[PDB]
Amino acid sequence: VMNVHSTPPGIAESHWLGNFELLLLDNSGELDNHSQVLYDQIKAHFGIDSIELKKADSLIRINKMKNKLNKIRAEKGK
Amino acid sequence: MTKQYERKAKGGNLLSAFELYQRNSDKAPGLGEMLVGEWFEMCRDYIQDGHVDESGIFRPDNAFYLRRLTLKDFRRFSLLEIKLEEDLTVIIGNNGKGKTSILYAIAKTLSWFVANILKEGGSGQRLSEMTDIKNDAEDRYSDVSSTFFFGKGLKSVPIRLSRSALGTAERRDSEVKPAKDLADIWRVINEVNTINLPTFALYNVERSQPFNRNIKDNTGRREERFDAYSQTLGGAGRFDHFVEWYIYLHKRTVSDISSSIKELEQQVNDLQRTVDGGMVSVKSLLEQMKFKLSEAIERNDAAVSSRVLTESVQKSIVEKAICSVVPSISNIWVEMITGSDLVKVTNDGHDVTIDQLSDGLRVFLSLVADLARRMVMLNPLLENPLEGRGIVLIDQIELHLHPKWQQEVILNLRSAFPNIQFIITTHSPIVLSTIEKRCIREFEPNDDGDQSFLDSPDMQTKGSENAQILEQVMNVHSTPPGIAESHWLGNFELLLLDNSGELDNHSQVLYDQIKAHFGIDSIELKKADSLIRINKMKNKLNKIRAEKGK
Amino acid sequence: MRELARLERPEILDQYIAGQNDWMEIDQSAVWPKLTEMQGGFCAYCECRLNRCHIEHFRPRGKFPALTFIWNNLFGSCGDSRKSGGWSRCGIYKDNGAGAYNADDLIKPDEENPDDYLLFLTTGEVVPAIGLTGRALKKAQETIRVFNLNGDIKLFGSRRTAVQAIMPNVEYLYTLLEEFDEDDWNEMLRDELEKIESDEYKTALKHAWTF
Numbered sequence: 473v474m475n476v477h478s479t480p481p482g483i484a485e486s487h488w489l490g491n492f493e494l495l496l497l498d499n500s501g502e503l504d505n506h507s508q509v510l511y512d513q514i515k516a517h518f519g520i521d522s523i524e525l526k527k528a529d530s531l532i533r534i535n536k537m538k539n540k541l542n543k544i545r546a547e548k549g550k
Numbered sequence: 001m002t003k004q005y006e007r008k009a010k011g012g013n014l015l016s017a018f019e020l021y022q023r024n025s026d027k028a029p030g031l032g033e034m035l036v037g038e039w040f041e042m043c044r045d046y047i048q049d050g051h052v053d054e055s056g057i058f059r060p061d062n063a064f065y066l067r068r069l070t071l072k073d074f075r076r077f078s079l080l081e082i083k084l085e086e087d088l089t090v091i092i093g094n095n096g097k098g099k100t101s102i103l104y105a106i107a108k109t110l111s112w113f114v115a116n117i118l119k120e121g122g123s124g125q126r127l128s129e130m131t132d133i134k135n136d137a138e139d140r141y142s143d144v145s146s147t148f149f150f151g152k153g154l155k156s157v158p159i160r161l162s163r164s165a166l167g168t169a170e171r172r173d174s175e176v177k178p179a180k181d182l183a184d185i186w187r188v189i190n191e192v193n194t195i196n197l198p199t200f201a202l203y204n205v206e207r208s209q210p211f212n213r214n215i216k217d218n219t220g221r222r223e224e225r226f227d228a229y230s231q232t233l234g235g236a237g238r239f240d241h242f243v244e245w246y247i248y249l250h251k252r253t254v255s256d257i258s259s260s261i262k263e264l265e266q267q268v269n270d271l272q273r274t275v276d277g278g279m280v281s282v283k284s285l286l287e288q289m290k291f292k293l294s295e296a297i298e299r300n301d302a303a304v305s306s307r308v309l310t311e312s313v314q315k316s317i318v319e320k321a322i323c324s325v326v327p328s329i330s331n332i333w334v335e336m337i338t339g340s341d342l343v344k345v346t347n348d349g350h351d352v353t354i355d356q357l358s359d360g361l362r363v364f365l366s367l368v369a370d371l372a373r374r375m376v377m378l379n380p381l382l383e384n385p386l387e388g389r390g391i392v393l394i395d396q397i398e399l400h401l402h403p404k405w406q407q408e409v410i411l412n413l414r415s416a417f418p419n420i421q422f423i424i425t426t427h428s429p430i431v432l433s434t435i436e437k438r439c440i441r442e443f444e445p446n447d448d449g450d451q452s453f454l455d456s457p458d459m460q461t462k463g464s465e466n467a468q469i470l471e472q473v474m475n476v477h478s479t480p481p482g483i484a485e486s487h488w489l490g491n492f493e494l495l496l497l498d499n500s501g502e503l504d505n506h507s508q509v510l511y512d513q514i515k516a517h518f519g520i521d522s523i524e525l526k527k528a529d530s531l532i533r534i535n536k537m538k539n540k541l542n543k544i545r546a547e548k549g550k
Numbered sequence: 001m002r003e004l005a006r007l008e009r010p011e012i013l014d015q016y017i018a019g020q021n022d023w024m025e026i027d028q029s030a031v032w033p034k035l036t037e038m039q040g041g042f043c044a045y046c047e048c049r050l051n052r053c054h055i056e057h058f059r060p061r062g063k064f065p066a067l068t069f070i071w072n073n074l075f076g077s078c079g080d081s082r083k084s085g086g087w088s089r090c091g092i093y094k095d096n097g098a099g100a101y102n103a104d105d106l107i108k109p110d111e112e113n114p115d116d117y118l119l120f121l122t123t124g125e126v127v128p129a130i131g132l133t134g135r136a137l138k139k140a141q142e143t144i145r146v147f148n149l150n151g152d153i154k155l156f157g158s159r160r161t162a163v164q165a166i167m168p169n170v171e172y173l174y175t176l177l178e179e180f181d182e183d184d185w186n187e188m189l190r191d192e193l194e195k196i197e198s199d200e201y202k203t204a205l206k207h208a209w210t211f
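Residue numbers (PDB author numbering), protein chains in the order written: chain F, 473 to 550; chain E, 1 to 550; chain K, 1 to 211.
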């Protein structure tokens, strides 16, 4: 209605959760050094009691279990 | 006694050299040769040293700000201690928590600084004895205690402002002597050599005022530096002074500096034409223009000379500040029509005159323009006069502003004025979404006045969602509890778990109300559908677990 | 809330006896490592992370003065008493707000199971459990009314967003029930029972995951 985003667009810390899901989907799970550094910045800036860390944990484990479905596909493949 | 003061001056102190300057300045040279000069040079260094960092912003070596504020029996506060940040301090709370009272007390404290800078031995504003005294308190006096920081040589500048109700046995008084001393140092070094005075400003609710545009307030004074302190802590931004100053700058830019000074000499030549026409009979305009030349001699010499920078650069800097901070206005310029001189801006690509600007884009321009005016008039020895020191007290920065424009107001203000300690008191979560956790003071919604501290919120607000800031910091539901249409998901889950997850008689018709109300593409119906599928296949898991168990 | 396994009585409170001295005489640091082993460092009233914490007496000390030094009365409290007013949940709210209440009108997490009397919905709101009538229903209303779960904003919104943050997880893990087999699909739910205890909210996510 206002066309106003939930996070401010002028703050580079606002797009950390936006970039985390894009990097995690680009890597297709199995978090690398860049994703671990980004999780470290979220852990440093936002607290342990933060919605960004809760959503990051949820995305990490849903893509981990998605990779486990690919692991399930690995036996019946080839 | 002299040796101890000289040792303290060698160790680093602004005040220790001041009485040395005051005791050796009154005698003759020879006994004062290099003696007064070294303390003057060291004092002017301690005021004027600054460096450009890696980001390109001038940062003073001796920053000036307010450290602590203590209110005892003041209005609703029994004994409240507030620790203020260096760059930005935000005070949030309900209507009723004394967060305008804090700004009022700090403004009453800064009034002594302003008055003692402006006139030697001056008196600032005083506390009222009818409303500021706590009507529950039994001591019948109220004091406001502040501490100021002015570098490593000046750790503490205490000040107390006391006021007693009428009928007390002991008359409580102020201890404004360190404020007197610091403003005395600034004024008596400014009278003999130009420095960069700090900006003290208060933008209270009364900036929300209509524009008259027929304003012929006293013409002639609105170009002198100490006019910048005129009613600066009143509460309302002096947009009248700004627009008069800006018409002055437009006339001086287009006429007085493009092809030298002409509008005075043309009527000087008119007097030389009419001086020998016979009977003179022109004594009314013989002398009223003769001191206009004296005015342009003894007032414009400061502005053109080495103390105050070039006037076209002043116009460019205030225009750059206005179009940088003020959101949709991108240019500001003056038209001269026959008999009229009016300022117009480019608001969203439309040339709009000031008086018919919107009330949410004009009372922020009244802040930014007046603040930029006072910085460019009070800090003229800088490449960017917006990087000067000072204390600015904005009350409700989110006033009349759209939530689109609240996402960048304090970022733009802190970008344009880096060395100003802003002290703002907002109500909106969206402003808090651009402000760090440590910059926020808060009031709990049970705060009868007994607290001795104001503390930051637990969660970080710099990148959090507006619903999270509203529902964790400001203690407000995201969906209203006074609406029966908002609890429909909760009643849906209660009536759906009553019959073990089946849409039999109540859940189906209440689902029909949700679908007919919120809409087909609604996120509430999306949660409702997801919970319907998850709880209808839960009975399958119940049957499978029952078959496994027995 | 959670089953708290009342393991062993500490030997700190055996020497001090009620009536001779008040609660303030004992040092407060010798009981917290005993309590955090069975609580996980959690307020067991708001089911609740202890960033700041203090010791809360389940039954009040002023009314039952010879009950404080039994160790069946000591629990953790969401927040601390040093706030000049305190919070409005868990331990502070019972001693400051609410009103009159009975000792048997409260649920005790040491032996009584809170799973079959109160129910955490997916929206973060607590309701009484289905089929519950009478004295236990009045108890289930009274505990929520004195502990402010249906109540203060910082608890209710945080529980709501913690439950709502795993709804795609629950949906996509449950929609593959026919795709996966019995033992390796219940291995997912034992993975959740090994997952959820390193969080703030445990029984709410238990009610969101299974029933």
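Each residue gets a CB set at the ideal place from its N, CA and C atoms; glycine is no exception.
#1: Under 7 angstroms Cβ-Cβ, which residues of chain K neighbour residue 611 of chain E?
#2: Of the residues that make up the segment 535-549 of chain F, which ones have a beta carbon closer than 9 angstroms to any beta carbon in chain E?
#3: Compare the C-beta of residue 512 of chain F with all C-beta atoms of chain K and state if any pair is closer than 8 angstroms.
#4: Should the segment 114-124 of chain E be called in touch with the segment 452-459 of chain E, which here means at least 3 C-beta pairs below 8 angstroms?
#5: List, from N- to C-terminal side, the alpha helix (DSSP H) runs of 4 residues or more that fit wholly inside the segment 28-110 of chain E.
#6: Along chain K, in chain order, which residues have C-beta atoms closer than 9 angstroms to that of residue 521 of chain F?
#7: Rounded to the nearest angstrom, what separates residue 69 of chain K and residue 18 of chain K at their Cα positions?
#8: Taking 8 angstroms as the threshold (beta carbon to beta carbon), is residue 493 of chain E in contact with chain K?
#9: I'd like to know if the segment 359-377 of chain E and the segment 315-331 of chain E are in contact, where contact means that at least 3 CB-CB pairs between them fall below 8 angstroms.
#10: Considering only C-alpha positions, which residue in the set F:512, F:476, F:530 and F:522 is nearest to residue 472 of chain E?
#11: What are the residues of the segment 436-460 of chain E that lie near chain F, defined by any Cβ-Cβ distance shorter than 7 angstroms?
#12: Can you say whether residue 96 of chain K is buried or exposed, counting buried as having 16 or more other CB atoms within 10 angstroms of its CB?
#13: I'd like to check one pair, residue 182 of chain E with residue 107 of chain E: are the Cβ atoms closer than 8 angstroms?
#14: Note down, one range per segment and in chain order, each beta strand (DSSP E) of at least 3 residues found wholly within the segment 126-167 of chain E.
#15: Reducing DSSP to helix, strand and coil, say where residue 188 of chain K ends up.
#16: What residue ranges within the segment 376-418 of chain E form continuous alpha helix (DSSP H) runs of no fewer than 4 residues, ordered along the chain?
#17: How many Å lie between residue 15 of chain K and residue 25 of chain K at the Cα?
#18: Which residues mark the beginning and the end of the beta strand (DSSP E) in which residue 421 of chain E is found?
#19: Starting from the N-terminal side, write out each stretch of the beta strand (DSSP E) that is 3 residues or longer and does not extend beyond the segment 303-364 of chain E.
#20: By DSSP, does residue 442 of chain E sit in helix, in strand, or in coil?
#21: Note down the Cα distance separating residue 335 of chain E from residue 284 of chain E, rounded to an integer number of angstroms.
#22: Residues of chain F with a CB under 9 angstroms from the CB of residue 403 of chain E: which are they?
#23: Using a threshold of 8 angstroms, state whether the C-beta atoms of residue 200 of chain E and residue 110 of chain E are closer than that.
#24: Skipping 5 residues on each side, what residues in its chain have a beta carbon closer than 7 angstroms to that of residue 141 of chain K?
#25: In terms of residues, what are the limits of the beta strand (DSSP E) holding residue 55 of chain K?
#26: Using a Cβ distance threshold of 8 angstroms, determine whether the segment 293-310 of chain E contacts the segment 358-370 of chain E, with at least three qualifying pairs required.
#27: Could you work out which residue in E:538, E:211, E:12 and E:413 is closest to residue 238 of chain E when comparing CA atoms only?
#28: If you draw a straight line from the alpha carbon of residue 410 of chain E to that of residue 486 of chain F, how long is it in whole angstroms?
#29: Cα separation between residue 474 of chain E and residue 510 of chain F?
#30: Using a Cβ-Cβ cut-off of 7 angstroms (strictly less than) and excluding sequence neighbours within five positions of residue 439 of chain E, which residues of its own chain qualify?
#31: Apart from the five residues just before and just after residue 139 of chain E, which ones in its own chain have a Cβ nearer than 7 angstroms to its Cβ?
#32: Straight-line CA distance for residue 467 of chain E to residue 425 of chain E?
#33: Taking all protein chains shown into account, decide if residue 377 of chain E is buried (16 or more other Cβ within 10 angstroms of its Cβ) or exposed.
#34: Kindly indicate which three-state DSSP category residue 454 of chain E falls into: helix, strand or coil?
#35: Contact between the segment 240-254 of chain E and the segment 210-226 of chain E is defined here as three or more beta-carbon pairs at a separation below 8 angstroms; is this criterion met?
#36: Closest to residue 159 of chain E by CA distance: which of E:67, E:77, E:30 and E:197 is it?
The answer reads as follows:
#1: Chain E is shown only over 1 to 550; residue 611 of chain E falls outside these bounds and no answer can be derived.
#2: For the segment 535-549 of chain F, the set of positions with a beta-carbon nearer than 9 angstroms to some beta-carbon of chain E is empty.
#3: Here residue 512 of chain F refers to the residue found at position 40 of the first sequence. For residue 512 of chain F, no CB of chain K lies under 8 angstroms from its own CB, so it is not counted at the interface with that chain.
#4: Cβ pair count under 8 angstroms is below three, so no.
#5: Under the rule that a run must span 4 or more residues, the alpha helix (DSSP H) segments found entirely inside the segment 28-110 of chain E read 35-48.
#6: Position 49 of the first sequence, counted from the start, is the residue given in the question as residue 521 of chain F. Neighbours of residue 521 of chain F on chain K, chain order: 49, 51, 158 and 200.
#7: In the third sequence, the residue the question calls residue 69 of chain K occupies position 69. In the third sequence, the residue the question calls residue 18 of chain K occupies position 18. Between residue 69 of chain K and residue 18 of chain K, the C-alpha separation is close to 6 angstroms.
#8: Here residue 493 of chain E refers to the residue found at position 493 of the second sequence. With 8 angstroms as the cut-off, residue 493 of chain E counts as an interface residue toward chain K.
#9: In short, these stretches touch, since the Cβ pair count reaches three.
#10: The count along the second sequence starts at 1 and reaches residue 472 of chain E at position 472. Here the closest residue by C-alpha is F:522.
#11: So the list reads 459 and 460, given in the order they occur along the chain.
#12: For the purposes of this step, residue 96 of chain K is taken as residue 96 along the third sequence, with counting starting at 1. Around the beta carbon of residue 96 of chain K, a 10 Å sphere encloses fewer than 16 other beta carbons of the protein chains shown; the residue is thus reported as exposed.
#13: Your numbering for residue 107 of chain E matches position 107 in the second sequence. Your numbering for residue 182 of chain E matches position 182 in the second sequence. In this structure, residue 107 of chain E keeps its C-beta atom at 8 angstroms or more from the C-beta atom of residue 182 of chain E.
#14: DSSP assignment within the segment 126-167 of chain E yields the following whole beta strand (DSSP E) runs of 3 residues or more, N-terminal first: 141-150 and 157-164.
#15: For the purposes of this step, residue 188 of chain K is taken as residue 188 along the third sequence, with counting starting at 1. In the structure shown, residue 188 of chain K sits in a helix (DSSP, three-state: H, G or I).
#16: Runs found: 409-416.
#17: By 1-based counting over the third sequence, the position of residue 15 of chain K is 15. By 1-based counting over the third sequence, the position of residue 25 of chain K is 25. C-alpha of residue 15 of chain K to C-alpha of residue 25 of chain K: approximately 12 angstroms in a straight line.
#18: The residue you call residue 421 of chain E lines up with position 421 of the second sequence. In this chain, the beta strand (DSSP E) harbouring residue 421 of chain E covers 420-425.
#19: You should have 329-337, 340-347 and 350-353.
#20: Counting from 1 along the second sequence, the entry for residue 442 of chain E is found at position 442. Strand.
#21: Looking up residue 335 of chain E in the second sequence gives position 335. Looking up residue 284 of chain E in the second sequence gives position 284. Between residue 335 of chain E and residue 284 of chain E, the C-alpha separation is close to 31 angstroms.
#22: Translated into the one-based positions of the second sequence, residue 403 of chain E becomes position 403. 474 and 476, listed in chain order.
#23: Here residue 200 of chain E corresponds to residue number 200 of the second sequence, with the count starting at 1. Here residue 110 of chain E corresponds to residue number 110 of the second sequence, with the count starting at 1. Contact annotation: residue 200 of chain E and residue 110 of chain E have beta-carbon atoms nearer than 8 angstroms.
#24: Stepping through the third sequence from its first residue, residue 141 of chain K is reached at position 141. If we look at residue 141 of chain K and ignore the five residues flanking it on each side, its Cβ neighbours are 128.
#25: If you number the third sequence from 1, residue 55 of chain K lands on position 55. Start and end: 53-57.
#26: The segment 293-310 of chain E is not in contact with the segment 358-370 of chain E.
#27: Taking the second sequence and counting its residues from 1, one reaches residue 238 of chain E at position 238. Nearest of E:538, E:211, E:12 and E:413 to residue 238 of chain E, Cα basis: E:211.
#28: The count along the second sequence starts at 1 and reaches residue 410 of chain E at position 410. The count along the first sequence starts at 1 and reaches residue 486 of chain F at position 14. Rounded to the nearest angstrom, the two C-alpha atoms are 16 angstroms apart.
#29: Here residue 474 of chain E is taken as the residue at index 474 of the second sequence, counted from 1. Here residue 510 of chain F is taken as the residue at index 38 of the first sequence, counted from 1. CA-CA distance, residue 474 of chain E to residue 510 of chain F, rounds to 29 angstroms.
#30: Here residue 439 of chain E refers to the residue found at position 439 of the second sequence. So the qualifying residues of the chain are 85, 88, 89 and 90.
#31: As a working mapping, residue 139 of chain E is identified with position 139 in the second sequence. Taken in chain order, the residues that qualify are 73.
#32: Taking the second sequence and counting its residues from 1, the one referred to as residue 467 of chain E is at position 467. Taking the second sequence and counting its residues from 1, the one referred to as residue 425 of chain E is at position 425. Roughly 20 angstroms separates the two Cα atoms.
#33: Within the second sequence, numbered from 1, the residue matching residue 377 of chain E stands at position 377. By the Cβ-count criterion, residue 377 of chain E is buried, with 16 or more other Cβ atoms from all chains shown falling within 10 Å of its own Cβ.
#34: Walking along the second sequence from the start, residue 454 of chain E turns up at place 454. In the three-state scheme derived from DSSP, where H, G and I count as helix and E and B as strand, residue 454 of chain E is classed as coil.
#35: Enough Cβ pairs lie closer than 8 angstroms, so yes.
#36: For the purposes of this step, residue 159 of chain E is taken as the residue at position 159 of the second sequence. Of E:67, E:77, E:30 and E:197, the residue nearest in Cα terms is E:67.
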